[PDB]
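**Q**
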Amino acid sequence: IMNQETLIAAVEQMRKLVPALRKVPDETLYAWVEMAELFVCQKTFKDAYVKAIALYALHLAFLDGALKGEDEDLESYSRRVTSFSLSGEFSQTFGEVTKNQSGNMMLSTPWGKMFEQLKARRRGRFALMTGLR
Amino acid sequence: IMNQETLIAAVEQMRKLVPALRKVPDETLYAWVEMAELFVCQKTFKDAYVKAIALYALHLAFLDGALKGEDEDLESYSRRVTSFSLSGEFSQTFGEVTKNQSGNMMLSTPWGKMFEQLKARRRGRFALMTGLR
Amino acid sequence: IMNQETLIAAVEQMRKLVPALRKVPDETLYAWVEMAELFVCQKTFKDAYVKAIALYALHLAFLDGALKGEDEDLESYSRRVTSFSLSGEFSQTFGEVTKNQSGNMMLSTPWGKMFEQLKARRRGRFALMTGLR
Amino acid sequence: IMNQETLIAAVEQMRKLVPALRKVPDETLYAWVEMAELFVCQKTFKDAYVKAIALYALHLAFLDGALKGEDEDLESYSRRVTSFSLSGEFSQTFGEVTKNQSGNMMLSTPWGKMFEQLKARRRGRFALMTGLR
Amino acid sequence: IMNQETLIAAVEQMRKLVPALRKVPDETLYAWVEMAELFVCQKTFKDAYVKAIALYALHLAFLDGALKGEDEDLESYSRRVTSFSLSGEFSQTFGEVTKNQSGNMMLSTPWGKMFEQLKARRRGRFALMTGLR
Amino acid sequence: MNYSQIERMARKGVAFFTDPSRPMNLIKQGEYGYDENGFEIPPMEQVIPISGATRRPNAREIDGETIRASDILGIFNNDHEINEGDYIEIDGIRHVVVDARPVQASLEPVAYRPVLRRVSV
Amino acid sequence: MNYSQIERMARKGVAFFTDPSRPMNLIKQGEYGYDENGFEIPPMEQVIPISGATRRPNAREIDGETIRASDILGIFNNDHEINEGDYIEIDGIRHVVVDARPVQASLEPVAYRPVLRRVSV
Numbered sequence: 004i005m006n007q008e009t010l011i012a013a014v015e016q017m018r019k020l021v022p023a024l025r026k027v028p029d030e031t032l033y034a035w036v037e038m039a040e041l042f043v044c045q046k047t048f049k050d051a052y053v054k055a056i057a058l059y060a061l062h063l064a065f066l067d068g069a070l071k072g073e074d075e076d077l078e079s080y081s082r083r084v085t086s087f088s089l090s091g092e093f094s095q096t097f098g099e100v101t102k103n104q105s106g107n108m109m110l111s112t113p114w115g116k117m118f119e120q121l122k123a124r125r126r127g128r129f130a131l132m133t134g135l136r
Numbered sequence: 004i005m006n007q008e009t010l011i012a013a014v015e016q017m018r019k020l021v022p023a024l025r026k027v028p029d030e031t032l033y034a035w036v037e038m039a040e041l042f043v044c045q046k047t048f049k050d051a052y053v054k055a056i057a058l059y060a061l062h063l064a065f066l067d068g069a070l071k072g073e074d075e076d077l078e079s080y081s082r083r084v085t086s087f088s089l090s091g092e093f094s095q096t097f098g099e100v101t102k103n104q105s106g107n108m109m110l111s112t113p114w115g116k117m118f119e120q121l122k123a124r125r126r127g128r129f130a131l132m133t134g135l136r
Numbered sequence: 004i005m006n007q008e009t010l011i012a013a014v015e016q017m018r019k020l021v022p023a024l025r026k027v028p029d030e031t032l033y034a035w036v037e038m039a040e041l042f043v044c045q046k047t048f049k050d051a052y053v054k055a056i057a058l059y060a061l062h063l064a065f066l067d068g069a070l071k072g073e074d075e076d077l078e079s080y081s082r083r084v085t086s087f088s089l090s091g092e093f094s095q096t097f098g099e100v101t102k103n104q105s106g107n108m109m110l111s112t113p114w115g116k117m118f119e120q121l122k123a124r125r126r127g128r129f130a131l132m133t134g135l136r
Numbered sequence: 004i005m006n007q008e009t010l011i012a013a014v015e016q017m018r019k020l021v022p023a024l025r026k027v028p029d030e031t032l033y034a035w036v037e038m039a040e041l042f043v044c045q046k047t048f049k050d051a052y053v054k055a056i057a058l059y060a061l062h063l064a065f066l067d068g069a070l071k072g073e074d075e076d077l078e079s080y081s082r083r084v085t086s087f088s089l090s091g092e093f094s095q096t097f098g099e100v101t102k103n104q105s106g107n108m109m110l111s112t113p114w115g116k117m118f119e120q121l122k123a124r125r126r127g128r129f130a131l132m133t134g135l136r
Numbered sequence: 004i005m006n007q008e009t010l011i012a013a014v015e016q017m018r019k020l021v022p023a024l025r026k027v028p029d030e031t032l033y034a035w036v037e038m039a040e041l042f043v044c045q046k047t048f049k050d051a052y053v054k055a056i057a058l059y060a061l062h063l064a065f066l067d068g069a070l071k072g073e074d075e076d077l078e079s080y081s082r083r084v085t086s087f088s089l090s091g092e093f094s095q096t097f098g099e100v101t102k103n104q105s106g107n108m109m110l111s112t113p114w115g116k117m118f119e120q121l122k123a124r125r126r127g128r129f130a131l132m133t134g135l136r
Numbered sequence: 001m002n003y004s005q006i007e008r009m010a011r012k013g014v015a016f017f018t019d020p021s022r023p024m025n026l027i028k029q030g031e032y033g034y035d036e037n038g039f040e041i042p043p044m045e046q047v048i049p050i051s052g053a054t055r056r057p058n059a060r061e062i063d064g065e066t067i068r069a070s071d072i073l074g075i076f077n078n079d080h081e082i083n084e085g086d087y088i089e090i091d092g093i094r095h096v097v098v099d100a101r102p103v104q105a106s107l108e109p110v111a112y113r114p115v116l117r118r119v120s121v
Numbered sequence: 001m002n003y004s005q006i007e008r009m010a011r012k013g014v015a016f017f018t019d020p021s022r023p024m025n026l027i028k029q030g031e032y033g034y035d036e037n038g039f040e041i042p043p044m045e046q047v048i049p050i051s052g053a054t055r056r057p058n059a060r061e062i063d064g065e066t067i068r069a070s071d072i073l074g075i076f077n078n079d080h081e082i083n084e085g086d087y088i089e090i091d092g093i094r095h096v097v098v099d100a101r102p103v104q105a106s107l108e109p110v111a112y113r114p115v116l117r118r119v120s121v
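Protein chains in written order, with UniProt numbering: chain A, 4 to 136; chain B, 4 to 136; chain C, 4 to 136; chain D, 4 to 136; chain E, 4 to 136; chain F, 1 to 121; chain G, 1 to 121.
1. Going along chain G in order, which residues have a C-beta closer than 9 Å to the C-beta of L89(A)?
2. Once the 5 residues before and after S88(D) are set aside, which same chain residues still bring their CB inside 7 Å of it?
3. I need the DSSP call for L77(C), collapsed to helix, strand or coil.
4. Residues of the region 39-65 of chain D in Cβ contact with chain A at a cutoff of 8 Å, in chain order, please.
5. Would the region 21-33 of chain D count as touching the region 9-17 of chain E if we require 3 or more Cβ pairs under 8 Å?
6. Between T47(D) and the rest of its own chain, which residues show a CB-CB distance below 7 Å, the 5 nearest in sequence each way excluded?
7. State yes or no: is the beta carbon of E92(A) nearer than 8 Å to at least one beta carbon in chain F?
8. Residue range of the beta strand (DSSP E) that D29(D) falls in?
9. Could you tell me the boundaries of the alpha helix (DSSP H) in which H80(G) lies?
10. Once the 5 residues before and after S86(A) are set aside, which same chain residues still bring their CB inside 8 Å of it?
11. Beta-carbon within less than 6 Å of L32(A)'s beta-carbon, same chain only, minus the 5 sequence neighbours each way: which residues are those?
12. What's the call for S81(D), buried or exposed, on a 16-neighbour Cβ count within 10 Å?
13. For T101(C), does the three-state DSSP call read helix, strand or coil?
14. Using only the alpha-carbon positions, how far apart do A23(B) and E61(F) sit?
15. Taking the beta strand (DSSP E) that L66(C) falls in, what are its first and last residues?
16. Quick one: is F17(F) near chain B, going by C-beta distance under 8 Å?
17. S111(E) to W35(E), Cα distance in whole Å?
18. Specify, as a first and last residue, the run of the beta strand (DSSP E) that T9(C) falls within.
19. Taking just the CA atoms, how far does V53(B) sit from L135(C)?
20. Just how far apart, CA to CA, sit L66(D) and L58(D)?
21. If distances are taken between C-alpha atoms only, which option among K122(E), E78(E), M132(E), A64(E) comes closest to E73(D)?
22. Hey, does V84(B) have any beta-carbon neighbour from chain C nearer than 8 Å?
23. Whole angstroms are fine: how far does the CA of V43(C) sit from the CA of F118(C)?
24. Quick one: is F129(C) buried, meaning 16 or more other Cβ sit within 10 Å of its Cβ, or exposed?
25. Please report the straight-line C-alpha distance between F17(G) and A53(G), rounded to a whole angstrom.
26. Below 9 Å between beta carbons is the criterion; list the residues of the region 8-37 of chain B that meet it against any residue of chain A, in chain order.
27. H80(G): buried (16+ other C-beta within 10 angstroms of its C-beta) or exposed?
28. With distances taken between CB atoms, is the gap from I88(G) to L26(G) smaller than 8 Å?
29. Residues of chain C with CB closer than 8 Å to the CB of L77(B), please, in chain order.
30. Figure out for me which residue from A69(A), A55(A), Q104(A) has the closest Cα to the Cα of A123(A).
31. Could you give the C-beta distance for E84(G) and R68(F), rounded to a whole number, given that I count them as a contact under 8 Å?
32. Which whole-angstrom value is the C-beta distance of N58(G) and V14(G), which I expect to be below 8 Å?
33. Taking the alpha-carbon of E37(C) as reference, which of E92(C), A64(C), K116(C), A51(C) has the nearest alpha-carbon?
34. Go ahead and pull the three-state DSSP assignment for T47(B).
35. Can you tell me which of the three DSSP states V98(F) falls into?
36. Closest to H62(B) by CA distance: which of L121(B), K116(B), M5(B) is it?
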């Protein structure tokens, strides 16, 4: 397993960056982090590894609202409630937030954009290769 | 599949990812995961095989509603409710969560996009081949 | 006739894949599977033949609401009801689920899409031929 | 960051640019600014480094709403509320602040554009390089 | 620091251009002008420097409502109210002013347009460069 | 047709606008009957748990005597069918279901939209 | 679900259409109880600050005596729970809460829309 105190620092920094996650039980966040660590490399950053991994895990959690409530969630992830209203009490509507235009799935949430810029500044967005002999 | 420990680990990881699945009977989870194991290659991953198989099973079951069937339902698999309302008590309006202009069909759920990016990390999505002899 | 116990396995497999089909009388499922076996090859899969035939039969059944009730379905298959409402009791509207783009009929239902991916994985999507002598 | 006077100067600059941050507890601003300083380069500016840090921090925190989450907020990061109204008391309709068909994502908030223009003036947006040796 | 009489002339002429700016405290304007002086140059004008700096600072302040109220502003810079209405007293709707079509960020406010017109008239909008030996 | 679909949709809708923290109870009294002399008491309560939705509060004024009473309308499920004179206990405050109003187009009503009036006056 | 969302929205909405310059107060009276001969007074006032919004003024006409009073409605927050018999101090003028009207679908109602009627006549 990746280093325990580094993982704790990651979850701590993510929590202080987004205060709303303080109420979420820690073990779900632990699982999300240890699942998201499979994507980033180490030697790419080697200084802001905690920052990058927290950003990427946050983007994964907030991708399409995949992270939901524990039991309050109902088994409908394929459907969204655009609007709802009670008769003489209140009413409300909703809608999309980002309206992605490129289909990169990193340019779909602010966290993904932030991590994309971090990666571009630290190493780059390029992959040039040729065959070995 | 090759044993039962892997199957149990995959189901448990899937439930950790989606806490709502803990109340669903585990038999359907076994069925879905053993159907999803037909698509994943353990030669490619060989360390995150459980993570990949759980991700793919989740996306596969959440494509357009296939796990939507509990013990009681009807043939609503061809049609989707857009709104429902009592005449003078409440009203509620639904809608699709994601548009899929690409048509690749694999980026239809967040878990699908996650699985594609994880596939690109482990072993590229290219397919380059030549006629032998 | 295709092998009896394999057919039984296929029908029970599709039933436990979609629990909502348990209430449907069995012989209709027998007819649907015996009709759908005409499409899939045998030696192409030769291992997951049961899974493939179950997938294709389910796709054929749920293509465009071809599978209906026994008598309660009115003799109207070329007409679909988009909405209906009682005077002061309730109301409801409806809509399409998939919004297909290429007219292949195969990427039109989730079952069809899954079968298509399984075929691509197992054998391929290519037909290269040349004149023999 | 390398010391404390630059950090305090950045926090003061942010607060005297936007005064609504005077009510926000300081430590959250500290976390945001020390995370945002990871992008700005001192050697380019060398005189208005504090100004650049403040601009980048403001734009990064106002990108799409990430500082919106204060000590109590729910998982509303994946959905945007467009309207809210009591049945017979008042109503309120919201909307997006800026349209961004360009997709560069630096042109998403006024602070981002100001920072980009500052970068252009101090050292052009260009990046021209050649293979060494 | 620019000369104190130059700064006083700039702020006072800005106030006489826009009299509604009289009510704001006189320190926020000092901060805004000291930030905006990092953009306007010297040898380009050398005559109407006060006019140019006042115009640029006004454009920066009124870019996208960057300059907000002192406390009456709520911590929501990423959301605009398109309409609001009380039940039986009044209603109001909101709307945009320019509808920019160039993505230049300088053809976005009247002050920016005036500044660019003055720049083109006085020096120009071009840059021809040749390599130095 | 397919009233089971209306049933499931109504169940999900009622579950949407409900709070699982308001103590709600339902009281059904019945099977009385007098003595040969002409006086007795029915000893039965039949109280059961229940949950649902409420809307449209209203206050009551009788003659200006400052009694401070209120009445509600409700939305409920189809379990433990509501009768025409049952008691509904809300937050320690008892109401009589003056009208049932089942949202009905068939038997076994999908849901009820009762009208409640506060007990006593 | 998530009634905290509605709580936050209602609080922001009330804060929108309000003026933080109108002197407003809330008066609660309680804990009375008579003497052995039958006369006494409850010595307490229980005044607290409060803010909100009002709408729909309406004059009061009785039979043409030219008394010239007025009555209004209110919109309030979810703190300092409003009872059915409280007094509201408005800009030097007192009213009695004749009607509470909590905008409610759960416990701890998100907001109140009371009806205020001017004291005396």
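Where is the CB? At the ideal position from N, CA and C, for every residue including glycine.
**A** On the basis of the data shown:
1. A105
2. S94, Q95
3. coil
4. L41, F42, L63
5. no
6. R125, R126
7. yes
8. Taken as a continuous stretch (DSSP letters only), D29(D) belongs to no beta strand (DSSP E), being part of the alpha helix (DSSP H) at 29-39.
9. No alpha helix (DSSP H) holds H80(G); DSSP gives it neither H nor E.
10. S94, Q95, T96, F97
11. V14
12. buried
13. coil
14. 48 Å
15. First-last for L66(C): undefined, no H or E at that position.
16. yes
17. 19 Å
18. Where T9(C) is concerned, there is no enclosing beta strand (DSSP E), although the alpha helix (DSSP H) it sits in stretches over 7-20.
19. 47 Å
20. 12 Å
21. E78(E)
22. yes
23. 10 Å
24. exposed
25. 7 Å
26. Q16, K19, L20, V21, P22, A23, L24, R25, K26, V27
27. exposed
28. yes
29. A23
30. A55(A)
31. 4 Å
32. Contact flag wrong, Cβ pair sits at about 22 Å.
33. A64(C)
34. helix
35. strand
36. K116(B)
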